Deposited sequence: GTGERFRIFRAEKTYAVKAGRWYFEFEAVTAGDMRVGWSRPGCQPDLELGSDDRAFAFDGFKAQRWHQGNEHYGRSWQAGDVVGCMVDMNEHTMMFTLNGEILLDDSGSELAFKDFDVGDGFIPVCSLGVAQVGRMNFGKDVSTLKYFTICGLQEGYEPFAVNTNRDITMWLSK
């Protein structure tokens, strides 16, 4: 079986610019990206980078970026206002075959998104939401100046209020 990891769904983002990292400890079959709350990216429920085969997945697959080596770190960026997603591999922005840095675009906000990843057999990968921002490895190279916030910024609050 595959192991699927996701942020707590209450923390889904519907606006703003958000960043997290995924360390590929092994270099095989894993995927990482953004999931709606409710084969990652084979359907409409997630938008994912496949660093094993160098593909972007949403409702199907296309070549995008390049494959990881063990120890590489993927940066995952979503702009919920412009409706775009980008990925970096060791800080370098990945492109599709048309030369675009927009991994995905023009999606509907719906109920928002949470970070997600999938780990296949014998795979090891770790999401870092940046609660300790200094543990992010490539955020200062690409993410910080561009105005993306570490996803942990959205998960520090644990109280809600009504009336």
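Residues of the deposited sequence with no modelled C-alpha atom fall in the ranges 1-4, 43-47, 173-174.
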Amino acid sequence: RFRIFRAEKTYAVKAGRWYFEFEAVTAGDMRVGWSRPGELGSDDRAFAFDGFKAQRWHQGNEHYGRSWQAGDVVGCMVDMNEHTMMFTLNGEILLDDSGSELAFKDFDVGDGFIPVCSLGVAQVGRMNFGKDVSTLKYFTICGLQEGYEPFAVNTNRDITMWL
From here on, numbers count along this sequence of modelled residues.
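Look at the mean CA B-factor for 47-55 and for 100-108 in the entry; the higher one is 100-108. The stretch with the higher mean CA B factor, choosing between 137-145 and 17-25, is 137-145. The top Cα temperature factor in the record, among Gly65, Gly130, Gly33, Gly120, falls on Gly120.
In the PDB entry, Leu163 places in the highest third of its chain by CA B-factor.
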